[PDB]
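Novice: As they sit in the full assembly, here are the leading chains:
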Amino acid sequence: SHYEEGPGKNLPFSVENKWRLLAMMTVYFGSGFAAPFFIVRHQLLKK
Amino acid sequence: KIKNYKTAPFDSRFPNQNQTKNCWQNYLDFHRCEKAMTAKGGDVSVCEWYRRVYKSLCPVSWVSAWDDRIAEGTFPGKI
Amino acid sequence: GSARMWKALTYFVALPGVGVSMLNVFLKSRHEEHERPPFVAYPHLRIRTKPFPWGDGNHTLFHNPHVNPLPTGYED
Amino acid sequence: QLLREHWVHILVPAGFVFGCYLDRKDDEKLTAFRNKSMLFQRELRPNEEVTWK
Amino acid sequence: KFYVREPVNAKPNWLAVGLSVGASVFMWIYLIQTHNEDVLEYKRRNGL
Amino acid sequence: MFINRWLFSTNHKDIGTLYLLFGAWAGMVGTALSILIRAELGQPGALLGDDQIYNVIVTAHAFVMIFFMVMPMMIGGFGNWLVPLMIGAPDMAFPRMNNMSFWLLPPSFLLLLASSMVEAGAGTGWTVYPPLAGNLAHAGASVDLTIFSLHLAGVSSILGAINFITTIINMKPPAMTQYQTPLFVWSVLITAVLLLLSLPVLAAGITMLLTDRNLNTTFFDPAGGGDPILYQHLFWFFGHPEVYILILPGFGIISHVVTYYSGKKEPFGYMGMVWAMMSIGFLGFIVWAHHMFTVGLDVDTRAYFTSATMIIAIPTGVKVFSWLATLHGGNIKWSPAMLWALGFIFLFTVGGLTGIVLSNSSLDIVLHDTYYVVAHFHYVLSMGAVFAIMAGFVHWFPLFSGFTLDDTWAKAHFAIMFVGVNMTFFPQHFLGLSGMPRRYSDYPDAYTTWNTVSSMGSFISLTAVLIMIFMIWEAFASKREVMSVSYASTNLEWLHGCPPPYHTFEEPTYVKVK
Amino acid sequence: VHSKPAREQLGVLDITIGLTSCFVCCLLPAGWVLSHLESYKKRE
Amino acid sequence: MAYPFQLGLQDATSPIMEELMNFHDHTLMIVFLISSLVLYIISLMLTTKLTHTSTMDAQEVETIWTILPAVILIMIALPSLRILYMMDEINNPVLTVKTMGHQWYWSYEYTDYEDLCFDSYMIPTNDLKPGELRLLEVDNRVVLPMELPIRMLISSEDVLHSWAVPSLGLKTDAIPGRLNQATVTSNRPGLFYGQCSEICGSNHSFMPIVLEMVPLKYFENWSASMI
Amino acid sequence: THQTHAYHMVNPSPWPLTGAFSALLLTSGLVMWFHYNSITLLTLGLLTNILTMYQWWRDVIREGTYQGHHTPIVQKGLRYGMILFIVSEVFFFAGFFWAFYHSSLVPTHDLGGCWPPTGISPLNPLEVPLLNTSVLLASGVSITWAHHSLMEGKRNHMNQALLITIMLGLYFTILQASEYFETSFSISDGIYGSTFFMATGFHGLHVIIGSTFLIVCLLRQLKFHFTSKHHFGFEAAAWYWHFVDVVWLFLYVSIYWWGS
Amino acid sequence: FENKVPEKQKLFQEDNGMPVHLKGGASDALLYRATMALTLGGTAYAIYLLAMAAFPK
C-alpha cells in the first residue's frame, strides 16, 4: 500500500549493498559476541 | 524411667525426616517437666532423659541461642 | 424490573447495613482506649536486615509512634 | 481415549481391593487376644514380633 | 439460539456458583481445622 | 518513516523480525557466556580466578538462553510471523500491547547486563534461592536488578500470552472449529495458557524475596519464621510449567515441517495430537516438585510426584510415537530441516528417557544438582529446543526474507551442530554418572577427561554458530528468490508469496458453509 | 521450495572473503580478550 | 572419589545403594530398549521407498499405544515406590551426628555425649601433602563405624548447601532453620568422598566431605584420645 | 473501505514503546532508591508511566467510542483478554494466599508453634473488618444495580449508583489507611505481620486502581460515552470490582477467620 | 453536563491522512513532543546512573 513491500526491504536493515551489509552483520553479531567478554574483563579489572 | 541409653530413640510420633518439630517439642516439654516438677516438688531429675534427647537432636548453636533467650527472659514459645 | 429490584436492595439493605457497621465501629472506637502492650524485644519481631529506602531507615511507611515500637522500644 | 470409554471396568476390581482392605482392618481391630489363647500359647520366635497379622 | 423462549437456566448464575464453591471450601477448611484442635485438645487433656 | 514503522511498530511481521534480531543477539550473548563457562571448565584449576564470576556467568547463561533466546524466537517471533498467516488473521487482536511487550524485553536485557556490571554480580544460578540471594551473601544491586529483569520478562510474557489467547479464540474465521486448526496453533494456545497461569507464580515469588531484600521483611529468613522451601515451591511451580512453555512450540514446528516435507497432507492422529498436548498442558502443573525430591519432602508426596511424572511421560511418548507414524509412509525430501527434525526425534527421545531416569525418586536423591541433570536439559534444550528452532528457521526463511539458504551449507551446519552437541553432552552423561556436582569451576583428574572432550565439542558449536551467521549473510547476498512453493494447498503461510506482503488477509477467507 | 538463479552470485573470492570475514571478525573479540586475560587479571 | 575414564557409577558403600544400582541397571535396560526401538524404526522408514499419503485411519492403535507405556511405566515405578518406601524404616540409631553447613565450610558435631564439635575446611593445593587428592581432601575427616545405621541431622547456618556423599550414595539439602534426616550404613572401612551440591558463594567448589569408616572400638578410642 | 474484514485496524503508535521505556525508568528508579537513596529517577518513573498509560487509554477511547472500530467481535476479544487478565491476577493472589497458607498451616519453631506467633496483638476482626466487608459488598451490589440501570436507561440513577460506589471505595481506602495508622506492629515485624501487611496493602493497591477506574468511567458517563449495550468499560470495571470483592473475601476469611 | 460526543466525532473521522495519534491539534502534539523529550532523555539519564554504579569510585 502506502509502504513499500517486497523481498529484503521488509527488514530493519538496508540490503542493496552486500559488502556494507556484511559490515553491519559483523559489527552487530560481533558486539553481541564480545559483550560477555566485556563483562568478564570488567569484573577482572574491578576485582 | 531410669533406663540406660546412648542415643536419641526414633520418635514414633514423627516418622518423617524433619526433626526440627521433634527437637522443638523436646525443648518445650523439657521446660514443661521442669516447671511442673518445680510446682509439685517431686524428683525433678526424671526428665534428664528428655534433656539428653533434645541436646542430642537439635544442634549446639540452636540450643545455646534458645537457652540464652530463656535466660534473658524473652523466649518466643508458650513456655 | 431487575434495575428496580437492585435499586431497592441498595437503598433498603446495603445502605442500612453500612450504617449499622459504621455505627458499630464508631461506638467501639469511643469506648476502647487500648492499653498499649508492654514492650518485649522478641527476636522474631521488628526485624531489620537492611534499612528502609526512606526517612532514617528505621521507621515503617505507616509508622504510628503510639502503637508501633522500634527494635529498641516505644519512642516516648 | 480408551480410558474414557472403559473406565467402568475398574469399579468392581476397586471394590475387591477395598473389600480386602477393610477386612484387614477388621483383623487389626479384633485382636485383644494375640497369642493369649490358651490352646495356642507358644513363646515367640526371635525373628518375629507377632504370631499372626 | 435454539429455543423460542430464553430459558431461565440458559446462563449459569455466577453469584450462586461462587457462593456454592466458597461455602464448600470454607466448610472444608473449618471441618479440618476443628478436627485438628479436637485432636490437640484430646492429647493435651489426656497426656498423649 | 523508519521510527514510525519499526520503532513504533504495530504489525506482527515486523515485530517478529525484530524478535528474530533480538533473539540472535541474546543467543550469541549466551553462546559467549557458555564459552567463558566451558573454557574455564576446559582446563583443570581456575581459569577465571574466583568462581563468583563463574556463578555470575552461569546465571547469565541460564537467564539469557531460557528467558531471552528461544522464547523470543519460537513464541514471539515464529508465533507472530506464522499464527495470523496460519489461521487466516490479517493481524492479531492486541498489537499495541504486543509491541509494548516487545519494546519492554530489551530493557530487561539491559537490567541483566547492568546486574553483570554491578560489583557484586549475580552469583546465584538460574534459581534465586534464598538466603544466598539475601541481605548477607549478596548485598548489592546485581541480584535486585536480576529480580526486576525477571519482572520485566514476566510482564512482557504475560501480556504476550494474553495476545496469543485472544488472537486464537478471536481472530479465527467463525465457521472453523477449534479442533481443526494447524498444530502450531494448538502449541501456541497451550503454551500461552501455561504462560498465563504460570508467570504470576514467578512474579509472586520474585516480589516475595524483593520485599525480603528491600522492605526488610522475613518471608525467607527462618530466624523470623521464614521458609526457603516456600521459595523453591513457588519457583518450581513456575519452573516446570515454564519448561513446557519452553518446549511445546518445538512440537508444533517439527510437526508442521514433518507434514510438509514428508509428503503428507495431514499429521497422523490429529485428535491424538491435540489430546496429548492438552493432557501435558493440563497436568504440567501438578508435576512441579520432581525437581524437589531432596529438600526434605514427605515420602508420600515424593511418590505422588514421581508417579505424576511417569504419567506425564505417557502422552509425550504417544506424541513421539505418532511423530514416527506421521513421518511413516511418504517420500522424504532430504531437506536440512528433515535432518534437524530427525536429530530432534533421537535427541528428544534420549533426553526424555534420561529425564525419566531422574524422575525416579531415589536416583534423584543420589543424582540431584549434578551434570546428569545438565545432560538432561542440554539433550532437550541445547539440541532439543535448538534443533527445533534451527528447523523452523531453515524451513520458513523464504517467508521471513524472500530468499533461500544454501542446502549444502545448511546440511554441513546440521552436521557440525550434531557432532558438537553429542560429543559434548554424552561426556556430560558420563560426568553426571561419575558424580560431580554442578556450578563447580575446577574438577579432579577423573573429570578432566570428559571436561576436555566436551570443551572441544563446545568449540565445535562455536564453529557451528559462525557457519550459521555466514550462511545468513550468504543467503542475503545471493538473494535467490523462490519461483514456486510446494504444499501451499495445505499450508496457509506459504501461499501469500515469499515474503508475504505488508497487508495480508484484507478479505477474510471463505470458509465452507458445511 | 524451488528458487530462481542467484540475483547476485558470490565468487570463490567473495565467499572466501566473507566466510573468513565473520570467522575472524566474530572471533577477534575472543582474541584480544582471552589473549590478555592474565594481564587483565593484574589489579594494576 | 572417582577414577579416570569413569562411565558408570560409584561402587556401593550402602546396601540401599546396591539395590539402587540394580534398579538403575533396570532403567538402563529400559532406555536402550526404547532407544534401539526408535533407531531401528527410523532406519526402516528412511531406507524405504514406498509412498502412502492417503487419509490415515487412527482409532486402531491407541489402545496398545497407551497400555504398553502404562505397563512399562508402572513396572519402572513400582521398584521406585518400593525403594522410596524402604528409605524410611524404623531406625536403630546406634549413633547420632549433626552437620551444620557454614559459610564456605562445614561443621560436624557428635552430641550424644561429651559434646564435641569441629569445623572442616578445604586443604589448599600448595598445602596438599604429597599423594593426596585435590578438591576432596579435608584437614579433619568425619569418622563413622561400619555395619551400623547412624543418623544424619543436616542443616546450615547462613547459605543452603547439599551434603553429598555419592560413595555412600546420598545427597541431603542443608537448609537454614531446617534439619533433615539421613540414615547412613556402610559395608567397608576406609575413605569415602563427597562435596557440596548447592550453590553457596565464591568458594562453592571448595567444601568437600570425607567420611572414614572405622569400627566402634576405634571410634571410642579416637573419642577418648582426642582430649 | 479497503479493509474487508470486520476486525481492528491500528495506525502505528509510539505509546507502546514509550510505556515500555517508562517501565524501564520505573524499575531503574526502584533500584536507584533502594540502593543509592535517590528519589528523582523514581519520581520520573511514576510521572512517565502514569502519563503514558493515560494517553494510551486516551488514544484507545478516541479510536473506539468516536471513530467506531470496536466491532462486537472486538469487544468479544476484549472480554476474552479481560477474563485472561482477571484469572492471571487470581493465580497471582492465589500464589500469595498459598504462601500465607504454607506459612500458617505449619508454624515454624521460632513462632512458638502457635498461630499467630506469641507476643503480638493482631487487631480483632469483629467490628472494622466487618465494616470493610459491608462497605465492599455494598459497593458490589451497588454496581450490579448500576449495570441493571444501564440496561434500563435511567441516567440520574446511574449517576447516584456511581457516586455512592466511589464514595464507598474511597471510604474503604481511607479507613484501611487509618488502621494502618492503628495497628500494633509493622510489615517488618514477623512472618505473620509481614504476610498480611503485604497482602492487604497489595489489595489496597488494587482497590485504588479499581477506584480510579470508577472515577474515569464516571467522567466518561458524564460525557455520554457509554451506551445501552456497548458498555464494555463498565463491564471491565464491574468484573475487576467483583474480583477485588471476592479476593478481599478470601484474604478476609484466611487472615482473620484463620488464627486470631 | 449535556452531550458532547456527536459534535466532536466529525473532527476525528475526516480522512486527511494525518495520523490518529495527532487528531486533537497542537495541544496533543505539544504533549507528544513533551513525552518524546522525556522518555528518551530520561533513558539516557537512567543508563548514566547505571554506568556510574558500574564503574566504582
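Specialist: Nice, thanks for sending it over. Numbering: from 1, shown residues only, chains lettered A, B, ... in the order given.
Novice: Could you check how far the closest residue to residue F:513 other than its chain neighbours is from chain A?
Specialist: Closest residue in space to residue F:513, ignoring its immediate chain neighbours: residue F:175 at 7.2 Å, by CB to CB, 6 or more residues apart in numbering or on different chains. In short, each C-beta sits where N, CA and C put it, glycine included. As defined by CB to the nearest CB, to the nearest Å, residue F:175 lies at a distance of 29 Å from chain A.
Novice: Equivalent analysis for residue F:505, please.
Specialist: Going from residue F:505 to chain A by CB to the nearest CB gives 14 Å.
Novice: quick one: secondary structure of the nearest residue to that residue once chain neighbours are set aside?
Specialist: Leaving out its chain neighbours, the residue that sits closest to residue F:505 by CB to CB, 6+ apart is residue F:90, at 4.0 Å. Following DSSP: H, G, I helix; E, B strand; the rest coil, we place residue F:90 in the coil state.
Novice: Looks to me like residue F:173 is in a strand.
Specialist: No - applying three-state DSSP, one finds residue F:173 to be coil, outside a strand.
Novice: picking up where we left off before, around the residue nearest to residue F:505, count how many other residues there are.
Specialist: Residue F:90: 21 surrounding residues under other CB atoms under 10 Å in any protein chain shown.
Novice: thinking again about what came up before, quick one: the residue nearest to residue F:513 and residue F:508 touch, right?
Specialist: No - checked against CB atoms under 8 Å, the pair residue F:175 and residue F:508 is beyond contact range at 10.8 Å.
Novice: Look at these two and report which has more neighbours.
Specialist: Ranked by neighbour count (other CB under 10 Å), residue F:175 and residue F:508 place residue F:508 first, with 17 against 11.
Novice: give the contact list for the more buried one.
Specialist: F:88, F:90, F:173, I:4-5, I:7 (CB atoms under 8 Å, 6 or more residues apart in numbering or on different chains).
Novice: could you also fit chain K onto it:
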Amino acid sequence: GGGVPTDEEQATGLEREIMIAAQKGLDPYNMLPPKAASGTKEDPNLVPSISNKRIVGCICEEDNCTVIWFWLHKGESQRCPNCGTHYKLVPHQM
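Specialist: Take a look at chain K, now in place beside the chains above:
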C-alpha cells in the same frame, strides 16, 4: 427521560454500517459464516470480493481435520483439489 444515549444514534463509522447491515439482515463484512452450500456444476459456491484475487478454504469433508487452501481469480468458477466442489467469484465493491 431517555437518559443513556441509544446506540443506533450513538454509534458511528464501522459500528454504524455493521449495525445497519445487521438490521437489514445482510452481512457483507464476513461477521457470519457464508450461506448457499451448493457446490454443483450448475450452481457453485458464490464468493464475494472487491479485488480480482480471493482466497478460499475448503472443509470438504464433514468433521475433517484437514483444510484445503487455494486462491481464485475473477472468471471461471474455481474448484477444490481433493473433493471437487466449485467456487465462483462475484464483485461487490463494499
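Novice: again for the contacts of residue F:508, chain K present now?
Specialist: F:88, F:90, F:173, I:4-5, I:7, K:30.
Novice: what about it, helix or strand, and which?
Specialist: Residue F:508 belongs to no helix or strand when elements are defined using DSSP states H and E.
Novice: Would you check how far apart the residue in the stretch 401-514 of chain F positioned nearest to chain A and chain H are?
Specialist: Nearest residue of the stretch 401-514 of chain F to chain A: residue F:402, at 2.4 Å (CB to the nearest CB). Per CB to the nearest CB, residue F:402 is found 29 Å from chain H.
Novice: that older thread, between the contacts of residue F:508, which sits nearest residue F:448?
Specialist: When these are ranked by distance to residue F:448 (CB to CB), residue F:88 comes first, at 57.3 Å.
Novice: hang on, the earlier thing: pretty sure the residue of the stretch 401-514 of chain F closest to chain A sits against residue F:496.
Specialist: No - with contact defined as CB under 8 Å, residue F:402 does not count as touching residue F:496 (11.6 Å).
Novice: Now do the same contact list for the residue in the stretch 351-500 of chain F that chain K sits nearest to.
Specialist: In the stretch 351-500 of chain F, the residue that lies nearest chain K is residue F:492 (5.2 Å; CB to the nearest CB). By CB under 8 Å, 6+ apart, the contact list for residue F:492 reads F:85-88, F:182, K:69.
Novice: mind checking the SS state of it?
Specialist: coil.
Novice: so residue K:56 sits in a strand?
Specialist: Yes - according to three-state DSSP, residue K:56 belongs to a strand.
Novice: What about it, how many residues nearby?
Specialist: The burial count assigned to residue K:56 is 20, neighbours taken as other CB under 10 Å.
Novice: so what's it closest to, chain neighbours aside?
Specialist: Nearest one to residue K:56, counting by CB to CB, 6+ apart, is residue F:510 at 4.5 Å.
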